Amino acid sequence: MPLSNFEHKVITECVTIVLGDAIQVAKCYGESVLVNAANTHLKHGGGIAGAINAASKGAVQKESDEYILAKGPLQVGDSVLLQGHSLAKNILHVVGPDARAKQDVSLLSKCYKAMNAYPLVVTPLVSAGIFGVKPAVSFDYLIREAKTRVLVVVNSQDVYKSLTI
Ligand SMILES: Nc1ncnc2c1ncn2[C@@H]1O[C@H](COP(=O)(O)OP(=O)(O)OC[C@H]2O[C@@H](O)[C@H](O)[C@@H]2O)[C@@H](O)[C@H]1O
C-alpha cells in the first residue's frame, strides 16, 4: 500500500515506474536506498541533487565535500553510498555520463549495476535531465541492469506515459 497514493506501473519483475518526487517515494520505505544523480565532484546543482541537499538543510553537500576531500573525485559511472539524512536508509550518489560533455552514455550500465547491492532502491532516471540523455535511453539501461527491487520515479507525466505506452 505505500504506492497507493502514487500513479505507478509494473514494468518487469524488478522494476516499477512511479509518478512523483523520488524523495517522497523513498520516505514511504524505511529500508530504501535513494539514488542521487550526481557529478564527479558531488557539487549538487538544481536537479534532484539540489532537492535532496535542500531537504537535508545542506547536510548532504557538506557530507559530500568531506568525502571528496578525503577520497578525491568520482569517475563517471562510479557511485558512493552515504548517509540517508532521514530521506532514506542511505543515499547512493551515482555519477551518470554527461551527454552535453560528450561523455559515453553507455556508462549508465555501470551506474545502474551499482544499485543491485541494495534490496530496495528508489531512483530517478540518471543523466536524463541536466546531463542531457533521453529518458527512454536511461530507462532502457536501468531495466537491462536491474537485479533488485527498483522503484524508478519520474516527476513528469509526459515522461511517465512515454515509457509506459
Ligand atoms: N525529485 C525528483 N524526483 C524524480 N525525478 C526528478 C526529480 N528531480 C528531477 N527529476 C528528474 O530526474 C531526471 C534526472 O535529473 P537530474 O537531476 O537533472 O540529473 P542528471 O541529468 O543526472 O544531471 C546531474 C547533474 O544535475 C545536477 O543537479 C547534479 O549535481 C549533476 O551536476 C530528470 O528527468 C529530472 O527531471
# chains A, B, ... in the order shown; residues from 1 in each chain; ligands from 1

call {"tool": "residues_near_ligand", "arguments": {"ligand": "ligand 1", "cutoff": "6 Å", "atoms": "only C-alpha atoms and all ligand atoms", "output": "list in words"}}
result
residues 21, 22, 23, 37, 38, 39, 43, 44, 45, 46, 47, 48, 49, 50, 96, 124, 125, 126, 127, 128, 129, 130, 131, 132, 153, 154 and 155 of chain A

call {"tool": "write_last_selection", "arguments": {"atoms": "N, CA, C and O atoms", "output": "short mmCIF file (atom, residue, chain, number, x, y, z; two decimals), in the first residue's frame"}}
result
data_model
loop_
_atom_site.label_atom_id
_atom_site.label_comp_id
_atom_site.auth_asym_id
_atom_site.auth_seq_id
_atom_site.Cartn_x
_atom_site.Cartn_y
_atom_site.Cartn_z
N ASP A 21 7.78 12.62 -6.79
CA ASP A 21 9.04 13.09 -6.25
C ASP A 21 9.77 11.91 -5.62
O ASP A 21 9.26 11.33 -4.66
N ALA A 22 10.94 11.55 -6.15
CA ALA A 22 11.67 10.39 -5.63
C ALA A 22 11.93 10.51 -4.13
O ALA A 22 11.96 9.50 -3.42
N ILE A 23 12.09 11.73 -3.63
CA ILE A 23 12.30 11.92 -2.21
C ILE A 23 11.07 11.49 -1.41
O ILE A 23 11.19 10.85 -0.36
N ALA A 37 21.36 11.63 -8.52
CA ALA A 37 22.03 11.80 -9.81
C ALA A 37 23.05 12.93 -9.67
O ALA A 37 22.69 14.11 -9.69
N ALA A 38 24.32 12.55 -9.52
CA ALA A 38 25.36 13.48 -9.12
C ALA A 38 26.39 13.73 -10.22
O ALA A 38 26.31 13.16 -11.31
N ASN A 39 27.36 14.59 -9.92
CA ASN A 39 28.52 14.78 -10.78
C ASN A 39 29.79 14.30 -10.08
O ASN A 39 29.75 13.89 -8.92
N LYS A 43 29.05 18.14 -6.41
CA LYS A 43 28.64 19.52 -6.23
C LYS A 43 27.22 19.64 -6.75
O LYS A 43 26.98 19.66 -7.95
N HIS A 44 26.27 19.71 -5.84
CA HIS A 44 24.88 19.43 -6.19
C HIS A 44 24.16 20.64 -6.78
O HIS A 44 24.06 21.68 -6.14
N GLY A 45 23.65 20.47 -8.00
CA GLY A 45 23.00 21.53 -8.75
C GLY A 45 21.49 21.54 -8.60
O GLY A 45 20.96 20.92 -7.68
N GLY A 46 20.80 22.21 -9.51
CA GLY A 46 19.36 22.43 -9.39
C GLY A 46 18.45 21.25 -9.70
O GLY A 46 17.23 21.38 -9.61
N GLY A 47 19.03 20.10 -10.07
CA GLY A 47 18.24 18.90 -10.31
C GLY A 47 17.88 18.18 -9.02
O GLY A 47 17.80 18.80 -7.95
N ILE A 48 17.70 16.86 -9.09
CA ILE A 48 17.33 16.13 -7.89
C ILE A 48 18.40 16.28 -6.79
O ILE A 48 18.07 16.30 -5.60
N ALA A 49 19.66 16.43 -7.18
CA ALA A 49 20.74 16.64 -6.21
C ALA A 49 20.48 17.86 -5.33
O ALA A 49 20.71 17.82 -4.12
N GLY A 50 20.00 18.94 -5.93
CA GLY A 50 19.68 20.13 -5.17
C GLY A 50 18.47 19.95 -4.27
O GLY A 50 18.43 20.50 -3.17
N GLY A 96 26.24 9.76 -13.37
CA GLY A 96 25.87 9.43 -14.72
C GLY A 96 26.74 10.15 -15.73
O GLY A 96 27.36 11.18 -15.42
N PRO A 124 15.80 8.17 -9.57
CA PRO A 124 15.37 8.91 -10.76
C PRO A 124 16.00 8.29 -12.01
O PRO A 124 16.78 7.34 -11.90
N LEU A 125 15.67 8.83 -13.18
CA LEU A 125 16.34 8.44 -14.40
C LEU A 125 17.67 9.19 -14.48
O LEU A 125 17.71 10.37 -14.85
N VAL A 126 18.74 8.51 -14.11
CA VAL A 126 20.08 9.09 -14.10
C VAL A 126 20.44 9.63 -15.49
O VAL A 126 20.15 8.98 -16.51
N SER A 127 21.03 10.83 -15.51
CA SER A 127 21.51 11.53 -16.71
C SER A 127 20.40 12.10 -17.59
O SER A 127 20.71 12.75 -18.59
N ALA A 128 19.13 11.92 -17.22
CA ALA A 128 18.05 12.27 -18.15
C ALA A 128 17.60 13.74 -18.08
O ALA A 128 16.68 14.15 -18.79
N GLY A 129 18.25 14.53 -17.23
CA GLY A 129 17.89 15.93 -17.11
C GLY A 129 19.02 16.86 -17.52
O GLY A 129 19.30 17.08 -18.70
N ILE A 130 19.70 17.40 -16.52
CA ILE A 130 20.82 18.30 -16.77
C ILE A 130 21.91 17.63 -17.62
O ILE A 130 22.58 18.31 -18.40
N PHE A 131 22.07 16.31 -17.50
CA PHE A 131 23.10 15.61 -18.27
C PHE A 131 22.65 15.18 -19.69
O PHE A 131 23.41 14.56 -20.42
N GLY A 132 21.43 15.52 -20.08
CA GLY A 132 21.05 15.52 -21.49
C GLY A 132 20.80 14.20 -22.19
O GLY A 132 20.79 14.16 -23.43
N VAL A 153 11.40 6.56 -10.35
CA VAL A 153 10.46 7.65 -10.13
C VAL A 153 10.71 8.76 -11.12
O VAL A 153 11.85 9.24 -11.24
N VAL A 154 9.66 9.14 -11.84
CA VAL A 154 9.74 10.24 -12.80
C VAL A 154 8.75 11.31 -12.35
O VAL A 154 7.66 10.99 -11.86
N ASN A 155 9.12 12.58 -12.47
CA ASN A 155 8.25 13.63 -11.97
C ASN A 155 7.41 14.30 -13.07
O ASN A 155 6.71 15.27 -12.81
#

call {"tool": "residues_around", "arguments": {"residues": "residue 24 of chain A", "least_positions_apart": "3", "cutoff": "12 Å", "atoms": "only C-alpha atoms", "output": "CSV table (one decimal) with C-alpha atoms, in the first residue's frame"}}
result
chain,number,residue,atom,x,y,z
A,2,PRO,CA,2.8,2.6,0.1
A,3,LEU,CA,2.4,3.0,-3.7
A,5,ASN,CA,-1.0,7.3,-3.4
A,6,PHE,CA,1.2,7.3,-6.5
A,18,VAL,CA,6.2,5.7,-10.3
A,19,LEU,CA,5.0,9.2,-11.0
A,20,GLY,CA,6.2,11.7,-8.3
A,21,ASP,CA,9.0,13.1,-6.3
A,27,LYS,CA,10.3,8.4,2.6
A,28,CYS,CA,7.5,5.7,2.3
A,29,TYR,CA,10.1,3.0,2.7
A,30,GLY,CA,12.3,2.9,5.8
A,32,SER,CA,15.0,2.2,0.8
A,34,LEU,CA,17.6,6.7,-2.6
A,48,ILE,CA,17.3,16.1,-7.9
A,51,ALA,CA,16.3,18.9,-3.9
A,52,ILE,CA,18.0,16.2,-1.9
A,55,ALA,CA,15.7,18.7,2.1
A,86,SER,CA,16.1,10.9,7.2
A,87,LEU,CA,15.2,10.8,3.5
A,88,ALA,CA,16.0,7.1,3.2
A,122,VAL,CA,14.3,4.4,-5.3
A,123,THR,CA,15.9,6.1,-8.3
A,124,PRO,CA,15.4,8.9,-10.8
A,151,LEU,CA,11.2,2.0,-8.0
A,153,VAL,CA,10.5,7.6,-10.1
A,154,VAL,CA,9.7,10.2,-12.8
A,155,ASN,CA,8.2,13.6,-12.0

call {"tool": "select_by_dssp", "arguments": {"residues": "segment 16-98 of chain A", "states": "alpha helix (DSSP H)", "output": "mmCIF file with C-alpha atoms, in the first residue's frame"}}
result
data_model
loop_
_atom_site.group_PDB
_atom_site.id
_atom_site.type_symbol
_atom_site.label_atom_id
_atom_site.label_comp_id
_atom_site.auth_asym_id
_atom_site.auth_seq_id
_atom_site.Cartn_x
_atom_site.Cartn_y
_atom_site.Cartn_z
ATOM 1 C CA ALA A 22 11.674 10.395 -5.633
ATOM 2 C CA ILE A 23 12.300 11.924 -2.207
ATOM 3 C CA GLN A 24 8.649 11.456 -1.239
ATOM 4 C CA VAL A 25 8.654 7.895 -2.576
ATOM 5 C CA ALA A 26 11.797 6.970 -0.608
ATOM 6 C CA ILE A 48 17.326 16.135 -7.885
ATOM 7 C CA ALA A 49 20.741 16.641 -6.207
ATOM 8 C CA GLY A 50 19.675 20.129 -5.167
ATOM 9 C CA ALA A 51 16.291 18.921 -3.942
ATOM 10 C CA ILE A 52 17.992 16.242 -1.857
ATOM 11 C CA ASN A 53 20.506 18.722 -0.466
ATOM 12 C CA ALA A 54 17.802 21.293 0.323
ATOM 13 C CA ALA A 55 15.750 18.653 2.140
ATOM 14 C CA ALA A 59 23.981 18.370 5.318
ATOM 15 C CA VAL A 60 24.307 16.338 2.102
ATOM 16 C CA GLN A 61 26.525 18.930 0.429
ATOM 17 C CA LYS A 62 28.757 19.225 3.490
ATOM 18 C CA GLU A 63 28.990 15.432 3.794
ATOM 19 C CA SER A 64 29.794 15.250 0.071
ATOM 20 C CA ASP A 65 32.534 17.862 0.454
ATOM 21 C CA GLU A 66 34.175 15.900 3.249
ATOM 22 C CA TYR A 67 34.032 12.673 1.259
ATOM 23 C CA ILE A 68 35.582 14.302 -1.816
ATOM 24 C CA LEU A 69 38.315 15.949 0.281
ATOM 25 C CA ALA A 70 39.216 12.519 1.667
ATOM 26 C CA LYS A 71 38.879 10.315 -1.409
#

call {"tool": "closest_residue", "arguments": {"among": "A:139, A:40, A:56, A:147", "to": "residue 98 of chain A", "atoms": "only C-alpha atoms"}}
result
A:40

call {"tool": "closest_residue", "arguments": {"among": "A:135, A:31, A:13, A:121", "to": "residue 152 of chain A", "atoms": "only C-alpha atoms"}}
result
A:121

call {"tool": "residues_around", "arguments": {"residues": "residue 35 of chain A", "least_positions_apart": "4", "cutoff": "6 Å", "atoms": "only C-alpha atoms", "output": "JSON, numbers by chain"}}
result
{"A": [91, 92, 93, 123]}

call {"tool": "atom_distance", "arguments": {"atom1": "atom CA of residue 100 of chain A", "atom2": "atom CA of residue 159 of chain A"}}
result
20.0 Å

call {"tool": "closest_residue", "arguments": {"among": "A:83, A:142, A:12, A:134", "to": "residue 109 of chain A", "atoms": "only C-alpha atoms"}}
result
A:142

call {"tool": "atom_distance", "arguments": {"atom1": "atom CA of residue 41 of chain A", "atom2": "atom CA of residue 79 of chain A"}}
result
11.3 Å
